[PDB]
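Numbering starts at 1 and runs along the sequence shown. Order of appearance sets the numbers: ligands from 1, and atoms from 1 within every ligand. What's counted below: heavy atoms across the whole structure, side chains too, no hydrogens, waters or symmetry copies.
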Amino acid sequence: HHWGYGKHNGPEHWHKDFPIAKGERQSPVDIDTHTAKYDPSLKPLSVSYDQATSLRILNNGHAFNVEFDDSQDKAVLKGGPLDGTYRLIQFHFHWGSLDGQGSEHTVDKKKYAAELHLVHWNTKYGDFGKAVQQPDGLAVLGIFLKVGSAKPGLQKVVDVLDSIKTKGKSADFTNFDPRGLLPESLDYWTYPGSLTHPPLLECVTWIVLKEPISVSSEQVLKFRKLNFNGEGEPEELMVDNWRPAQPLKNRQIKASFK
Ligand code: MMC
Ligand SMILES: [Zn+2]
């Protein structure tokens, strides 16, 4: 029927409706740290989130998205492997039913408790919808979440989750600063990939940060209380909304460090 993360509509079934699922540049992948090539030509990342304008938080049925105003160069990503400016449109997470799983990318087969994705689109294309028709249309910054100490900057998000429990619900969510979700270091791995959920479009340049952020058990716990289902429907907890690692194929992962 329509795609999800269950037994009957899960990742293994996506290819039926979205044949690119078996494409040549699918994401996520396992990052093999000993086979990743250090590239000294890689420039440092430039994250300018000082002028970020968050607007709303939404449960879309597969995750919760925090949305930002992208009508101007307010919160952008540039540098690293990118050419041009990329504006932040939204961020969301992928998590598991247990602490031992939840991330999409893996590092030497290690899975984290969750993974944050800050989605950006290439301003040369004018809008999001056109950027997804290009091979260099999007840039996604991926950050790993491990369970440990609480992340202060994540608390405002955790707290509004009750008001967007079910699919389709949304809440006003202004003045949220995403600078609070970045680790100390900006060292990364980069490779050409795709969106990790349908439509699985191969428009992404992935930037995966080496350093994870810590969140408390209680913070991850509140994520696990969301619902995939709409209000008034039988309850299905939003957990395991992650896609397994795909074959690297004809690709090379580059490292900005050694
Ligand atoms: C090609 Hg997107
Ligand atoms: Zn994602």
Step-by-step side chain to side chain donor-acceptor pair (under 3.5 Å) determination, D99 to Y112: CA-CA 7 Å; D99 300 345; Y112 284 92; over 6 Å; no
Residues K109, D32: salt bridge by 4.0 Å N-O rule: no
Parallel, tilted or perpendicular, as decided by the 30° and 60° cut-offs, for the rings of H117 and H92: perpendicular
Sub-2.8 Å protein N, O or S atoms surrounding the Zn ion (ligand 2): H92 NE2, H94 NE2, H117 ND1
Residues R56, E67: salt bridge by 4.0 Å N-O rule: yes
Just distance, no hydrogens or angles: give the donor-acceptor pairs under 3.5 Å from side chains in residues 142-151, sequence neighbours left out.
from: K146; atom 1: NZ; to: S214; atom 2: OG; distance (Å): 2.6

Within 6.0 angstrom of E235 CD, more than 12 heavy atoms from elsewhere: yes
